[PDB]
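Architecture at a glance
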Amino acid sequence: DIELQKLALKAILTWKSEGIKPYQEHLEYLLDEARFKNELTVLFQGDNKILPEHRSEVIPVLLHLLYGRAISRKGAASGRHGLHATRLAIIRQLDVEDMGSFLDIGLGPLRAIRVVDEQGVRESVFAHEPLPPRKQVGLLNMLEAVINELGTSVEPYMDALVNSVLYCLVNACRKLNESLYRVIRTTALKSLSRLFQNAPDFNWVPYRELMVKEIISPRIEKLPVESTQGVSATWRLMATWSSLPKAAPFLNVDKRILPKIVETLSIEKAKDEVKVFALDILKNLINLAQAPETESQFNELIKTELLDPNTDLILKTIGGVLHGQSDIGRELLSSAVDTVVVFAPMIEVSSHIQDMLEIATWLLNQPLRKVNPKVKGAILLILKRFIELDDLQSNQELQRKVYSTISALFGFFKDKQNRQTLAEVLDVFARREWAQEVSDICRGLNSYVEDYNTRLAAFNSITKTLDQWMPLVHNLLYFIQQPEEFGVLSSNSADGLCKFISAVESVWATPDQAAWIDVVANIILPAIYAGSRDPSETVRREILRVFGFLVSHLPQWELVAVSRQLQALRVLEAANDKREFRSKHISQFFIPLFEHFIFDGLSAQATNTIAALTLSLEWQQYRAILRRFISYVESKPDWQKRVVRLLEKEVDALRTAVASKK
Amino acid sequence: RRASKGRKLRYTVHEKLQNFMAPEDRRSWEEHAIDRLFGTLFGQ
Amino acid sequence: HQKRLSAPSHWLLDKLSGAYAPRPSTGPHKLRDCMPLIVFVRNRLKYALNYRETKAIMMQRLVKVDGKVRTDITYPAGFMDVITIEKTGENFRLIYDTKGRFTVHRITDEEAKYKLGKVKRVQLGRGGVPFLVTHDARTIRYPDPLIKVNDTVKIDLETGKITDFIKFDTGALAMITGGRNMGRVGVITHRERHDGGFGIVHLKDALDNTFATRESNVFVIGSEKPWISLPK
Amino acid sequence: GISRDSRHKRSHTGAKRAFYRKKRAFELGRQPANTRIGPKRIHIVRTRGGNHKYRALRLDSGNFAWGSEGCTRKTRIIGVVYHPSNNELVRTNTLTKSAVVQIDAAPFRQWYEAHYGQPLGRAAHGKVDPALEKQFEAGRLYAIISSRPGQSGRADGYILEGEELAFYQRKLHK
Amino acid sequence: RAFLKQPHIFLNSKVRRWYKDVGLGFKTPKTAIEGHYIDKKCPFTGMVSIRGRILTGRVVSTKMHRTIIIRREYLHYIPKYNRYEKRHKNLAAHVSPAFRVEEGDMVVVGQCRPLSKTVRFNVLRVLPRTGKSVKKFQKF
RNA sequence: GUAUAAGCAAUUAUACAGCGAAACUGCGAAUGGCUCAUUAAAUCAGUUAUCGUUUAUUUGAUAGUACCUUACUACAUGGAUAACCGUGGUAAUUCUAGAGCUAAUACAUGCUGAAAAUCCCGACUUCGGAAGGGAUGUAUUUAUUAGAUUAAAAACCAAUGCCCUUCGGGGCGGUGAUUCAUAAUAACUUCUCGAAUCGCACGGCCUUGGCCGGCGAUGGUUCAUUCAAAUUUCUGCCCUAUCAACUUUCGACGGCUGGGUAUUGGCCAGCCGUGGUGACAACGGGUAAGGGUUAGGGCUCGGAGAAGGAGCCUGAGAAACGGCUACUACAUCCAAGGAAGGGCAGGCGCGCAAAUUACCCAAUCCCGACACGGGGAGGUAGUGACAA
């Protein structure tokens, strides 16, 4: 009460001591209710600081008064800015040495309390109340402010704060009157979650049954069904437990904790963040197991007591998550894939590696909107670690399927380090098998990653067999797609591709006439179709080279300078009208090449060739083709005459087509 | 120029500032001892 | 205290009401787009004779304007305010004519219950809530999320909520409430943007007269759908 | 006599004009507030629309933003270091906007050792630019004033960090 | 001098540039997109907003600290002669350093808030022409 | 809103009740209209803009903000004064002194019945309605983040496909624009608001001890809207070269930084750069200071001072001239100590001359706590051989 505080301060000043004498004006303004926040920063950080000679005289009086001002409910507003910032602005400016007397006036009956004895739990203390459930709430809010304002400097005051917070916590955990005990529980758990990473060197081993009674009794048999919505204070506590190296031995006391924590990951109706939170708890556990000599005191305990009997259920939950739902967030995907990345060099034997390899190749045949390429490189590292377990010999259809994926990601990636690790996962593939052949592919792609002289050496050595050839074809079309370092790489890749298709036309035996011909369709022909739109003229030249080699060597396959350029275009005109053509060839190879011919009598000759080909393609392609050309009209104001000449030629071809089809 | 708002001492005779105060000689010393004083400072 | 000739030409006064004219008090509708209640009662309808008689009508709860009792005499009632008199059992509505003046329309409760108001602006108010401002300065909290600017709204007038809305459309018939072509009920057939200020619409009547009016001065009344009874 | 009109000055073509009209209350401009360091002396001015602006003439403390970490604290104000406009404000210690002034460092130091825990100025996310670390070892940081003290009644602002900190150290050396 | 800055963008973080489009069918030049000058009366860097009138014309004097004067010519109708006469006016506009400046060119300006006693306009588009000195005439 | 007038008028349940002078409280007087050195695209007119600003009143929406060590507590909130009653002083009217009261919608504080309250999520689900998880306004000022599908954006765009099929087919916030509006974190304020008010009806649940309850008046934060005000963009003045240089002679043109303003701005202060206008008529000089409505005429709209400079006060709006202070200049009362105050209209203007010192707000209009109270616009009347 402000009036009783004023009269009490008047009596304290009636005690006439020279320690209080120079500070009376600073004292009374704290009880004047309009100047409290200004008088606080007049007292501390002022020219009239408290002198350390009579600091011993003023500080008990001042701290009783500041305590009363922190208690008083009248002048304070609502919300946080009402009185929460007042408590914070007192405690933030108080010294850590005065804070002992501050908590001494804070804890009245709980000053000399003992929670733990030589035995486990003091039930005689716990079956009694010294404070009202109204009164413990302000205590816990104050100690939360004290800890959040102190930080490490709690180290000289460890022996009483933890007894207070533990007493209020276990009285709440016995009382599960609901609301006050519930808020007592939640804010005490927040205070403890701060206090743990406040104090690393304090000894937490004389009590373990208290964490047991705080955890295993109310929650754990229902904990994922509860935590399906949002992160809680128990999870906030287990997080800094997983972060601290001496607190991870609290998770071993009940064996079923980590089962329920990954069962939370198993429940699919969770709102993504409790999932990534449990995922982060697991990240911290595996990082602590991988840490050096500091965490090696309990490394063996977490290795042999926590993760080793629950590897199987961990992989089962991650498998169900990755194969179950049709909608997976990118944050959960990247974080869980990073957990499997860090968890793979921890397991030596396990049970569900067949499943996990099939999961990795499923997530690598996933598209690019669902899975990032950085995430694909992390699943590559997953492949690199999981492949060396002796598993691919049985279930050989799985092993051919993952080899289809390792080959498929060679032309996909654009990063040197990812291609290095790709060469490594193919190396341990080769160590696990056929074996000489995959080792030959290994040395080939190895000196492909290797710099320009070793690269051309690789190209020449490969220049000098189906599953042998397929990864070389994928990395070879990638080495087509590079424009130039000196221009030599695309030429060498084109010559190697010519060697490959020469081997294909060398094999015309019928059960391989199925396989090699399906390969040279599905891998090589859309590669040439997509590389037709490449703006580099040397890349267009080399794709022209391999396509001319294909037409010259193949033909039994059913699906197949200025003046010389004009001459070849006229021969292509005549060849068109003599033989109409294949429509997908016309749509996806010749038109963008001639478009590039225009946009780098060449232009009119090009429009003549497109006006020839528009008769030979089909209207369903022509619809979106014409729409792309009007898109060129509206998007390109740079060559209006050229695009409109092209349009006039195409509509003359349109009227020709309709007049023929009548 | 860079001189305008009073930066350059424009020596102009000011009109209302012209005849404010009369010169009042209030000096209790007799003018013959004073010029002898300013010679005999720290140098002399 | 303006003179009778300086009063605007669309709320009419004859050679009778003295040389002076009442000014409208400040309120929802504008000054020059306004009919005061005294001009509506004693100069248009002639239910009264004098200022003191108009006061003796207004002060007792006998004249309700937009469903609420309006006490002061010079209260502004510009456009489409339903005016309910219960002792006579009539509800008048204010529309325009083709020449550019105010027109009164007698009607009963079924068409008197709703008001067709043109949206002035849509915004996000305090509390993170979208709100809607009409030309009657009615703000509606939590509107329908397609009702954009220059759309008109059927306001309930017993709760004030939204009931229906008519979109700004090339092919929806509209009413002009300003400019040199004021008061011409016709169909919006074209709309030109003119970004940088003062865009226009091109509008034709029922009988082929094209003219360009500004999108501020337009006012949507219905595609065919005469939701208020224009007088036959 | 202090006003805001343009009737006394010459035109764009270089011509003066008579254009004599009396000074009006919407051309009103009041006398400047040289906000200095002292205890709190603020006078409240009522203005058009009945709106109050707080003319602060002597100020002690304001809150300053160490916002790269996420805190702002109320600290006192020691003395103005440099001012980009005038030298007389540096001489007579006048707090205006965009004034670089040195402030106390104790609540920022307290919040650093309270949140992170590694002490400062006496793992990897707690990281301090070594120039700013020298300011913490001095116990007196170089803040800059972003609030108008005359037209709000408080001298608040953000702390200088990085390029602006090095720039105003070089400008102090100038 | 003080360190120039874009007024609310947090540069000193240990964990960009604000350029708005003026609109009105205009394109931001590459110097206004990335060029490291800082000017607060720039409509692409500072907070100055263009609205209202949109004018054109030919520059008289480029040689000035980011302010150009435009001679605007028009044909006035004198009724005493019943004839058209040439009348020249001089505008002032603040110049961003984003564009490449020439003398005698035809420049597009836009209306903004008053930036000085004369300056009410900013440059938005420059048409590089071979226009000559004061002897040259064209209504524009 | 406040009545114990020692004020009037009463009775069938006595704090008050009806009328209600005095006084406190809220509103009002940015004008009605007077005088006279003038204003030569600066005003003004059309024509823009406020993404550069203030706005009482209007009318419309509007505010989720508890707990948080007083508990061995708190739970019908304070004190002032006026009117009033008395005792006086002085030559000098509320010019006022002393003494005693008493109210507020005047000024002012303002944890509490209660183990709950209120927002966002919701597992499980019988529409069941919910186990249990997170969280605790507003105004100012500053820093920061979000202002919206992804940024390894290496995506979406070549759906020019892919599959089935009967070959017909089927399936796969606003703006032109903003750092705008808005939301959040960290704090900050000698900082506000979140109703301790008044009137009228008086109904449901029945713990018959209450708990709930409606219509208004007054007040309140923010956003509107209205009424304004302030700047601001292009064009348009009459004449003149016995006016060819002008500005920098109160900075003249910028840009940077701040100050002050309601806001922008050389508007003002520090730093520097070299300008700006002009024979296409700047500048100077002369003083003789129209626009819209279109048969027509008519009709409509259109700087400086309150004895003289200088400074200040109120209010949403004034540099009111309403007040104050000092100086200057007149002038009045007095008991000679002191004290209040600064207009127009009318007659004479030779000794001889010529239009009422008229009546009312009754109509139209305006201001207020407000149906009543108050208005020097307006209307009514009188004179007239100048004419007609």
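Residues numbered from 1 in each chain as written, not as in the entry; some residues may be left out. Chains lettered and ligands numbered in written order. Part of a larger assembly, values for the part shown. Heavy atoms only, no water. Residues with missing side-chain atoms left out of burial classes, pairs and counts.

1. Brief notes about the overall build of chain E
- The helix and strand inventory of chain E stands at one helix and five strands.
- When the helices and strands of chain E are read in sequence order from the N terminus, they spell out α-β-β-β-β-β.
- Dimensions along the principal axes, computed over C-alpha positions, put chain E at roughly 75 × 30 × 30 Å.
- For chain E, the residues scored as buried account for 35% of the 140 residues in total.
- As displayed, chain E offers around 9400 Å² of accessible surface, 56% of which is attributable to carbon and sulfur atoms.
- Side chains of chain E give 32 positive and 8 negative charges; the mean places of these two sets differ by 5 Å. (Helix = DSSP H or I, 4+ residues; strand = E, 2+ residues; numbered from the N terminus. Buried < 20%, exposed > 50% of the residue type's maximum accessible area, 1.4 Å probe, protein only. Areas by Shrake-Rupley, 256 points an atom, 1.4 Å probe, with all protein chains shown as cover. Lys, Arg positive; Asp, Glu negative; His and termini not counted. Charge placed at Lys NZ, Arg CZ, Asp CG, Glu CD.)

2. What about the sheet that holds strand β7 (residues 140-145) of chain D?
All names here are of chain D.
- In spatial order, the strands read β4-β5-β6-β7-β8; together these five strands close into a barrel with mixed pairing. Taking each pair of neighbouring strands and ignoring which way they run, the sheet shows an average axis angle of 50 degrees.
- When strand β4 (residues 61-66) meets strand β8 (residues 157-159), the two strands line up parallel, connected through two bridges. Considered in β8, the bridge of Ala 65 is made with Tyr 158.
- Those strands touched by helix α3 (residues 130-138) are β4 and β7, and its axis lies near 115 degrees from that of β7. (Pairing = 2+ DSSP bridges. Axes fitted to C-alpha atoms, helices over the stretch in contact; angles between N-to-C directions. Contact = heavy atoms within 4.5 Å.)

3. Quick notes on the interface of chain E and chain D
- Every contact between the two is made by eleven residues of chain E and, on the other side, 16 residues of chain D.
- Both faces considered, chain E and chain D share a buried interface measuring about 1100 Å² in area, 53% of it formed by carbon and sulfur atoms.
- Sorting the residues of chain E by area buried against chain D places E:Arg1, E:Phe3 and E:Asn12 first, and these three jointly supply 47% of that buried surface.
- Our count for the chain E to chain D interface comes out at six residue pairs in polar contact.
- Across the side of chain E that touches chain D, the residue classes break down as four nonpolar, three polar and four charged. (Buried area = accessible area lost by both parts, 1.4 Å probe. Polar contact = N/O pair within 3.5 Å; in protein donor to acceptor, adjacent residues only side chain to side chain. Nonpolar A, V, L, I, M, F, W, Y, C, P; charged D, E, K, R; others polar.)

4. Considerations on helix α5 (residues 84-91) of chain A
- In terms of burial, α5(A) is largely enclosed, as six of its eight residues are buried.
- Residues of α5(A) that are buried in the fold lie against α3 (36-43), α4 (55-71), α6 (98-106) and α8 (135-150) of chain A.

5. Thoughts on the packing of aromatic side chains
- Per the counting criterion, the structure on display carries 33 aromatic pairs over all chains.
- Here D:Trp66 and D:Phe136 contribute two aromatic rings whose centre-to-centre distance is 5.6 Å and whose plane-to-plane angle is 75 degrees, an arrangement assigned as edge-to-face.
- D:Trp66 sits in the buried class, given a relative accessible area of 0%.
- Pairwise contacts between aromatic rings join A:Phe196, A:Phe202, A:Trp204, A:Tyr207, A:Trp241 and A:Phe250 into one cluster.
- We note A:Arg400 situated over the ring of A:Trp434; from NZ or CZ to the ring centre the distance is 4.7 Å. (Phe/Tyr/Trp six-rings, centres within 6.5 Å; stacked < 30°, edge-to-face > 60°. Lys NZ or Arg CZ within 6 Å of the ring centre and 35° of its normal.)

6. Things to note about the sheet that holds strand β8 (residues 139-141) of chain C
All names here are of chain C.
- As summarised here, the arrangement of the five strands in space is β8-β7-β6-β9-β10, forming an open sheet in which the pairing is antiparallel. Across the chains shown, the open sheet's two edge strands, defined by having one partner strand only, are β8 and β10 (162-166). Across the sheet, the axes of successive neighbouring strands diverge by a mean angle of 40 degrees, strand direction being ignored.
- With three bridges joining them, strand β7 (residues 129-134) and β8 adopt antiparallel strand pairing. By the bridge assignment, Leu 132 is partnered in β8 with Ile 140.

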